[PDB]
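Student: So I've got this experimental structure, pasted below with the sequence.
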Amino acid sequence: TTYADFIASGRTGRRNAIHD
Amino acid sequence: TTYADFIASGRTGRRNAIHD
Amino acid sequence: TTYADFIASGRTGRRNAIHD
Amino acid sequence: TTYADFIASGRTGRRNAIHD
Amino acid sequence: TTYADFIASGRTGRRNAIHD
Amino acid sequence: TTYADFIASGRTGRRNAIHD
Amino acid sequence: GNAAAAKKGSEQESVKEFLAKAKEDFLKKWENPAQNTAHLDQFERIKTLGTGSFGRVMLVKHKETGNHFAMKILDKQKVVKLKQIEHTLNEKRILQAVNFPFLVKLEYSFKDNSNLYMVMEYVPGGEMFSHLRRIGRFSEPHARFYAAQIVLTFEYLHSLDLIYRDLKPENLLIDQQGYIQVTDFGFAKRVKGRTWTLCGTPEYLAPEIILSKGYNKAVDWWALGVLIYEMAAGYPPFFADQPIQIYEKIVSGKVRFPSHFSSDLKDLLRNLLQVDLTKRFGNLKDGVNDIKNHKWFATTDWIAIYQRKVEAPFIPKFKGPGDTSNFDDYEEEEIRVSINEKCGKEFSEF
Amino acid sequence: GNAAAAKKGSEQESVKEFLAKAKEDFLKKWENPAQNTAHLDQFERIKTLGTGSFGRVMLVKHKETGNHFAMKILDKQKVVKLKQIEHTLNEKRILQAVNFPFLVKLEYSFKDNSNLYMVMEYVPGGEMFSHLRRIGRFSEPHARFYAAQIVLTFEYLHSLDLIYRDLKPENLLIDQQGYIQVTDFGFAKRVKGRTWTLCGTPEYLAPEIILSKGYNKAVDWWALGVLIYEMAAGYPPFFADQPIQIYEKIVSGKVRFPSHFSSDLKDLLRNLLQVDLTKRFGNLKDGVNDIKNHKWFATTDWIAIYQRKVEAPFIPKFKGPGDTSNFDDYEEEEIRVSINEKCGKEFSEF
Amino acid sequence: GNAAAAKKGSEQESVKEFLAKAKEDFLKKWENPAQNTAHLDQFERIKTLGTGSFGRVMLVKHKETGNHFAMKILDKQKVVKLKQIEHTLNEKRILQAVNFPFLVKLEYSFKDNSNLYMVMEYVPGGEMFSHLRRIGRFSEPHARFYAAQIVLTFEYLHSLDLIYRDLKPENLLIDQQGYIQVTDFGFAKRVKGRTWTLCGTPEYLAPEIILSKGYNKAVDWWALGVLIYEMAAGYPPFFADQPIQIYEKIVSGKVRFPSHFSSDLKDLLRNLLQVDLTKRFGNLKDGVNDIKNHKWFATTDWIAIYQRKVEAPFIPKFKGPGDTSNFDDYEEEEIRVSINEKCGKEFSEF
Amino acid sequence: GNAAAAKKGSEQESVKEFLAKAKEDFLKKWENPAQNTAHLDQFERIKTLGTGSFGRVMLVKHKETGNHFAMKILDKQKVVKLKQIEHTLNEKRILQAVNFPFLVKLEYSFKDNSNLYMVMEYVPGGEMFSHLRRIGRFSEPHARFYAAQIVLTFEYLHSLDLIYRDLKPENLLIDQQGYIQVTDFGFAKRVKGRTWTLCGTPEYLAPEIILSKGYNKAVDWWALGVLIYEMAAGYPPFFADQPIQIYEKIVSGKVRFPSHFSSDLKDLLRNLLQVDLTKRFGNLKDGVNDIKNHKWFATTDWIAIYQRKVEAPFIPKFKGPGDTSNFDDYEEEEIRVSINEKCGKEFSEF
Amino acid sequence: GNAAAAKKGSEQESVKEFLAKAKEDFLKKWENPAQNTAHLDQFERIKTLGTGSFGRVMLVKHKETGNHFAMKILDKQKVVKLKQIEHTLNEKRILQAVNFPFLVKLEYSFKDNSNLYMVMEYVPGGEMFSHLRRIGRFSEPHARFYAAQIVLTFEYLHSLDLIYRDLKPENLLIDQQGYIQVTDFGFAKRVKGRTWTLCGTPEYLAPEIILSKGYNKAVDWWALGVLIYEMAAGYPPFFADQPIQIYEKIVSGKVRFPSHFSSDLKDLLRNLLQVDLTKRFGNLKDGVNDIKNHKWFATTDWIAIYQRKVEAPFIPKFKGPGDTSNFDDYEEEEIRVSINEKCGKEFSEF
Ligand SMILES: *C(=O)CCCCCCCCCCCCC
Ligand SMILES: *C(=O)CCCCCCCCCCCCC
Ligand SMILES: *C(=O)CCCCCCCCCCCCC
Ligand SMILES: *C(=O)CCCCCCCCCCCCC
Ligand SMILES: *C(=O)CCCCCCCCCCCCC
């Protein structure tokens, strides 16, 4: 299980879009 | 209330340290 | 929001019927 | 148990004061 | 209510099969 | 973890006393 | 259907015949009432479910069937002194005459020297009222499920020339399956035309009742508006501390809808909480079908709901095997019935 | 101490001096009142916290300190017409004169052409009332924590010759830390001796008040009995639908204690819900110490509780950063104050 | 349909053909068994899901498909010494021969020197048992959903001349979608006619089994009665501390139904927990259709349930991505298989 | 139907005509845009719902209808400096041209000296995102409900030659009834054929976008794979701390499926998270019907879902009557619009 | 103190005198038993709290005090036939002789023609057992609170030459305040020295009991090890399906500690679940003080716990005013006592 990895990245919050 | 602002940033997840 | 008004009246309990 | 009586009266909400 | 009886027997856990 | 073993025995309910 | 296809055609064809068989039938029981259907030794008393002004409601077990009912016991003297003789008599007649999925069933009725007994089906989930107050507000799907059931209940009652006159969450009992059962037919009236009595709960009074101008079955569609609003909002559209202030507000009819109300919900409500009866839904040309075919009801199949075959949003799981805990572990009384028959000629028609 | 050791000796030595410094002090502010301590431009209005009979309560931010208060705004005309001039005036005097951990603090007071403003400390956790009704009943440790705080509040109030006259959960606000703060000193009276006014909430009326025989500070220890009972039980000892029936029951004083009440809890309650004032606790020879040294209170250190240093069973976490949601997103008004000063001589002493 | 219309006609027309294609089919696999369908290197071992009397259940990943199964591993010697050779052999034959939505699928089977391996589909939601015990009791809609699925499972099994002999919550696994999957076909027997073995769990024994008089497929409809009762009630109809006392009670058959059981539920149960087999539902003239057309089942469309297209009341969300936590973080073993083939001729037919 | 019967035939017959009426229609609005449909005085401002890079979203009440909308206000200067003129202009055109159950509706649009205003329908339940993160993961029935709705949304968008380019939980708003509404059409492009822009959120980028090779509508079916996986699993298939590492992983495409994923779910996902576009579902010969007729979708009736007549697994009940609490009690601003018209010719087409 | 300072000195000085006054006292009641303290008419029967092998436990209200007790009723004939005469007689003697905060109090005892009645204090929170099984496991602070109370209970019992012989969660009732009360003194023995009976629950048997070698008070410190482990872990250290396998494991004594056990908890447990009695804590030179002064107990003040003045982690709030629901709404019996005195000389000493 990578879910524990998941929580540890900052990427558990609102992801924005690279862009345009 | 800025709490709604808070949730909307990606900064609701694990914050790492600039660095070194 | 009147909901706060609502809670403050005694009329949050069982309402009976005027009557007959 | 009168608690069932209790719920059935309207007096389960905010009680005001007779008065003055 | 026998439910109170129920809880008090050890037979609230996994029941196996007499057998064979 | 034996806890999964635990749940699977019938011995998760009220234990009585061998006896006397 | 609700609108299956143009099977809406079969919906309506069917509703039509159904309701015709229904008048025939009610009229027979109405005009020739069934009377005194059983006696007290037939029932084991389990517990007191509640206690009122004319007496107790008891959980009882009918000894032949092994089935449970709720027994409302009324002391004749108490009803006589409380001047409730005609309300009592009227509730019983209505109740033994009527037959619909969502009305609570009067299983047996009898009197004895002291007391009148109306044995009803036991609906353990309780009233919608407390569930509503513990949960806070109901999602527009949950709230529409119940709305659909009451529309049908009122279509039927009104065809039998019966204005219910007392809608609110406290008379809507939720059963085993999650469907409504309406209780309390003590203010219902079989009135063709118009009547004048001040009756209901303040919150749910339609402006005409308050105004003493005479009123008709259109009061029940105004109370469906008050009901959908309190289910979908948490609180009534007009409420105040003093009833006269609730009235104050009702006869102005200025309602503010919650922002989470859908544009669609708001607009059903704008025509049920109508003050002009020439614009109130259910009271126009298109009767109920103005309500039944509103876009809030768009996903409702009226036959599925009648047929009890939709899946219920919420089923109450009241706790306590046999005797419950909420229902209540009261101090148990005797039911005493006397050596003499009290009030014989007043309750003679019961 | 509560009874540290025979450091109970130091408890009492200390209580004694404390209360002496306290009379000196109250008497000065009582007899020479502080008056008109600020003005409206000093405060940013955040939201309406509530709305009453004499006007709104508002969440306000004092601009120099960046601190939050709750502003009760009273329209002079409205208080004058509601004949509340003397209750208003009296509440303010009491409030600016008194000083204890558990009383809510009147931070500033001023009037202006239209309105009187009593700016109090903001206690966001709300009343004990709703928490109590959502939770259902409180464990005898939780319920004793609060009891301990009110005993101390009444020991102090009564030494200043003040009978509170309005205890119930709705005036007991729970703060940030989990301690009580009593609000509403509008029925308190500084009375040495006996008085005659009918005042309180029905449920909490002591039999003497109902009986119109004259009464004294002993009414507040009967209302502590009603309070501990409703906290530890869920519901009041005497309640009914009609107030006159509540009274009916109170002047008989026949209470049934819940089976989960401890033998010990029941016996504290038997002498606070006493009808004979010659047997009512807090009204005997041993004053409060009959209450303070009851075995239900046995594990309570009275100085620890005063000192706010016990750990609170429950701290409310009302939701909504800044503005909340429960407090409420109301329709915001103007506060209009007029070109002319209304009611000047009536509120002149304010 | 369930009774779509007189499309009940198509329901039955269809059931009829379905079951005919089904016997043809079973009989072929039954009479010519599929055998040794794979080998151990084909599977990555993830974790031990559990541990038994003949060995472990393991979560395994089949390397070609990237799919997960639960591998029951049985040590030949252990099954031989526990005298389980014929139960083992029989379970496998039944299992590789049968095919229904609600039976758990035996995906592959093979042996090797030491162990027999039955690789089944992994159903992560677990047994109904624990969910039932954590939730307490199931609403009659939830409980009927499951009932509907077992009626269909038994209609099919019994047509293939298979009496299941072991119904209870612990063999009813709830899958991803919320539907039942029955496990454990170790006491099932293909018996045309009557048999004599004492087998099941005490609670669920039909009076005939206890009485040693010979018995047939009618034992499984008595165990559907025990099952609907424990789902809708919390606890079994007959339970005791000692099994012989459970038996004591079963052969009297005196059941008390909970007051929240619907009149309708009680009456389905009165004819499934029947002691006279001439009155037991599912064993009369009208076979299953006496059960399938009972008013408790009135809102059930039997084809919708078969088709898995009803919406499930509850879907378990067991926690722990990959490896779970409940399933369990055990001490991992080796699976050792030997240099020599143990028990070759006993397990030769496997 | 979904596959009613060979009423699948009518499903497809119907889908076919539907989509034809749809192109006709879009093409008209697309090629002749509706423009400047209202003005600011028509709306009461209730509260700030949020605040962005080009400005605020506000809860507003349209004064004629008494209906609530969410007003996105964009300062022309800010969009001009942020170089968002063409994205803004493009989003508006798309939005006023398109019409489907599950897309959020642009109710009115207008500019004024300072700001552009896009008034949309208010969907109070919020994004799927936070619900998903509070709940953790969604059951495959819950997750399939939403999948079904997006398949239909993409079938329609792609027929109008629109590649959405920004799927993730944060643009999927859940309404009153429990159905999806897709927001943010700022990266959608009407492209027949292939395009080259780097756009989306890293997690959801299809390997072709990352590779800069040119790409088409097949990117949205790869993002449906990322979406079903994160709904049914909790977390994305490829995620990392740094975006370039997420990319790292995406262009290898090595996904590990959770053990609680059904064999069936895993296999839908194996062909949506396909790297070879010659094997990616939705991009083969059988278009969407390769997705729509996958066994994970087997119990889905596509017309029922379109018709909004399925019962929704979860309906959000955001708290706070009028103004909420989560939405937020912000510090309210003025909306200032200037004495002069800023950026006139850039936003001239709006 | 626990170790206040070298006020540990006063702790021990005090414990010392306390226990001396305690032997004096027990010895008097032990050697001259109090006998037949009341009669049945003194008590109103409220409800059946439970039902056993020798009869019912009832909630009763003592009519003079208005206090509630739990009445264990034992039918003399049943105890005589179950050969429980001496266990019964012994439990009563012990119970009327002993006096500690944490032992449940035998309030009155009497017999009558049929039955023996032991009226105990009513502790409504129930056993620790079910709470433990619903909560799952207890935090090492919660679990240490209870440990502290049992250490003290055993220090006292053992000084009176009483080996308890039956520790487990099912005899540890949690009261109103959140403190333990130990029930069931039917296997306790006053033994100076060593004894030989096989008694307890399998899980909690110390290896010596199983081995039949003779045993002493050191068995109760091995059962404190089993208890702290099951509180802090969820499940017992040695458990199996069959008791003989539990024994199997106990006489090897190979325990695996959970990873969330603190190094400190593990090491207290290593010397209470000691197999060598020359190394078992509580059985070495330093008696209990080896346990009482272990670093897991480091933050425990033993006098505070005795004094009941620590704040309890958890207080049960069993539901149901008067009569509860869990306790149970049973079918109420008569208590029949006969025209003749049954078993007179056997129970003569009672
Ligand atoms: C439309 O689907 C099929 C019509 C079958 C419906 C049965 C008719 C039941 C109508 C009774 C309605 C009761 C409301 C007062
Ligand atoms: C006993 O521990 C130490 C005494 C120190 C206590 C401080 C005195 C505070 C007394 C005020 C009591 C207020 C109640 C009306
Ligand atoms: C009635 O609606 C339509 C008939 C289509 C039903 C498909 C037949 C499936 C029958 C299998 C039943 C299995 C139970 C043992
Ligand atoms: C099949 O049941 C009956 C066909 C009726 C379906 C109505 C057609 C709606 C199709 C629109 C699909 C939209 C997806 C892009
Ligand atoms: C240390 O703080 C102060 C000593 C006062 C403690 C009172 C003594 C009570 C000892 C009884 C212990 C009971 C355990 C068997």
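Tutor: Good, I have the coordinates. Residues are numbered from 1 along each chain as shown, chains lettered A, B, ... in the order given. Ligands and ions are numbered 1, 2, ... in the order given.
Student: Assign a three-state SS to the residue of the stretch 1-150 of chain G found nearest ligand 1, would you?
Tutor: Nearest residue of the stretch 1-150 of chain G to ligand 1: residue G:1, at 3.1 Å (Cβ to the nearest ligand atom). Yep, even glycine has a C-beta here, placed from its N, CA and C like the rest. Put simply, residue G:1 is coil when judged by DSSP: H, G, I helix; E, B strand; the rest coil.
Student: Hmm, residue G:186 and residue G:90 touching each other?
Tutor: Yes - look at residue G:90 against residue G:186 with Cβ atoms under 8 Å: they come within range, at 7.2 Å.
Student: Going along the chain, name the helices of the chain.
Tutor: Here I'm looking at chain A. For chain A, applying DSSP state H gives helices covering A:3-8.
Student: actually it's chain G I care about, not the one you picked
Tutor: G:8-31, G:76-81, G:85-97, G:128-135, G:140-159, G:207-211, G:218-233, G:243-252, G:263-272, G:289-292, G:302-306.
Student: among those, which is nearest ligand 2?
Tutor: helix G:128-135 (38.4 Å).
Student: Check the burial of the nearest residue to residue G:214 once chain neighbours are set aside by counting its neighbours.
Tutor: In space, and not counting its chain neighbours, residue G:214 is closest to residue G:194: 4.5 Å by Cβ to Cβ, 6 or more residues apart in numbering or on different chains. Residue G:194: 13 surrounding residues under other Cβ atoms under 10 Å in any protein chain shown.
Student: again, but for the one 4 residues further on
Tutor: Under the neighbour criterion other Cβ under 10 Å, residue G:198 is assigned a count of 12.
Student: what residues are up against it?
Tutor: Shown in contact with residue G:198 (Cβ atoms under 8 Å, 6 or more residues apart in numbering or on different chains): C:18-19, G:209, G:212.
Student: got a list of what the residue nearest to residue G:269 when sequence neighbours are not counted touches?
Tutor: The shortest distance from residue G:269 to any non-neighbouring residue, by Cβ to Cβ, 6+ apart, is to residue G:225 (5.5 Å). By Cβ under 8 Å, 6+ apart, the contact set of residue G:225 is G:237, G:269, G:272-274.
Student: Same check on residue G:77?
Tutor: G:114, G:342-343.
Student: cutoff 6 Å now
Tutor: Under the criterion of Cβ atoms under 6 Å, 6 or more residues apart in numbering or on different chains, the neighbours of residue G:77 are residue G:342.
Student: what separates it from residue G:115, distance-wise?
Tutor: Separation of residue G:77 from residue G:115 (Cβ to Cβ, to the nearest Å) stands at 9 Å.
Student: With residue G:50 instead?
Tutor: 15 Å.
Student: near chain B, which residues of chain A show up?
Tutor: By the rule Cβ under 6 Å from any Cβ of the partner chain, the part of chain A lying against chain B is A:8, A:10, A:12-14.
Student: what's the neighbour count on the nearest residue to residue G:218 once chain neighbours are set aside?
Tutor: Distance criterion Cβ to Cβ, 6+ apart; nearest residue to residue G:218, sequence neighbours excluded, is residue G:283 at 3.9 Å. Counted by other Cβ under 10 Å, the residues lying close to residue G:283 total 22.
Student: what's the answer for residue G:52, then?
Tutor: Neighbours of residue G:52 using other Cβ under 10 Å come to 13.
Student: what's the distance between it and residue H:43?
Tutor: Taking Cβ to Cβ, one finds residue G:52 at 52 Å from residue H:43.
Student: Could you list which residues are in contact with the residue of the stretch 251-350 of chain G found nearest chain B?
Tutor: Residue nearest to chain B within the stretch 251-350 of chain G: residue G:259 (15.3 Å; Cβ to the nearest Cβ). Going by Cβ under 6 Å, 6+ apart, residue G:259 touches J:68, J:322.
Student: just checking, residue G:94 touches residue G:185?
Tutor: Yes - counting by Cβ atoms under 6 Å, residue G:94 does reach residue G:185; the two are 4.8 Å apart.
Student: picking that back up, so which of the residues of chain A next to chain B would you say is closest to residue G:253?
Tutor: residue A:14 (43.3 Å; Cβ to Cβ).
Student: burial count for the residue nearest to the closest one when sequence neighbours are not counted?
Tutor: Spatial nearest neighbour of residue A:14, excluding adjacent residues (Cβ to Cβ, 6+ apart): residue B:10 at 5.0 Å. Residue B:10: 12 surrounding residues under other Cβ under 10 Å.
Student: And residue B:10, how far from residue J:199?
Tutor: Taking Cβ to Cβ, one finds residue B:10 at 17 Å from residue J:199.
Student: which bits of the stretch 251-350 of chain G sit near ligand 1?
Tutor: Proximity of the stretch 251-350 of chain G to ligand 1, by Cβ under 6 Å from any ligand atom, involves residues G:303, G:306.
Student: If we use 8 Å, what do you get?
Tutor: G:301-304, G:306-307 (Cβ under 8 Å from any ligand atom).
Student: got those residues as a markdown table, with distance to chain C columns?
Tutor: Shown next, in a markdown table, are these (distance: Cβ to the nearest Cβ, whole Å):
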| residue | distance to chain C |
| --- | --- |
| G:301 | 33 |
| G:302 | 30 |
| G:303 | 33 |
| G:304 | 32 |
| G:306 | 29 |
| G:307 | 32 |
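Student: Of these - the most surrounded one?
Tutor: Going by other Cβ under 10 Å, residue G:302 tops those with 23 neighbours.
Student: What sits closest to it if chain neighbours are left out?
Tutor: residue G:2 (4.5 Å).
Student: contacting residues for the one you found?
Tutor: G:300-302.
Student: Please repeat the previous calculation with a cut-off of 7 Å.
Tutor: Counting by Cβ atoms under 7 Å, 6 or more residues apart in numbering or on different chains, residue G:2 makes contact with G:11, G:300-303.
Student: So what does it have for phi and psi?
Tutor: Per-residue torsions, residue G:2: phi -80, psi -40 (degrees, to the nearest 10).
Student: ok, back up a step: more neighbours: residue G:50 and residue G:115, which one.
Tutor: Higher neighbour count among residue G:50 and residue G:115: residue G:115, with 26 against 18, using other Cβ under 10 Å.
Student: can you pull up the bridge partners for that one?
Tutor: Residue G:115 has these beta-bridge partners by DSSP bridges: residue G:75.
Student: Quick check: it touching residue G:72?
Tutor: No - applying Cβ atoms under 7 Å, one finds residue G:115 not in contact with residue G:72, separated by 9.8 Å.
Student: ok, residue G:250 touching residue G:208?
Tutor: No - using Cβ under 7 Å, residue G:250 makes no contact with residue G:208, being 10.2 Å away.
Student: out of these two, which sits in the busier spot?
Tutor: residue G:250 (28 against 19).
Student: Quick check: the gap between that one and chain H.
Tutor: Remark: distance between residue G:250 and chain H (Cβ to the nearest Cβ, to the nearest Å) = 19 Å.
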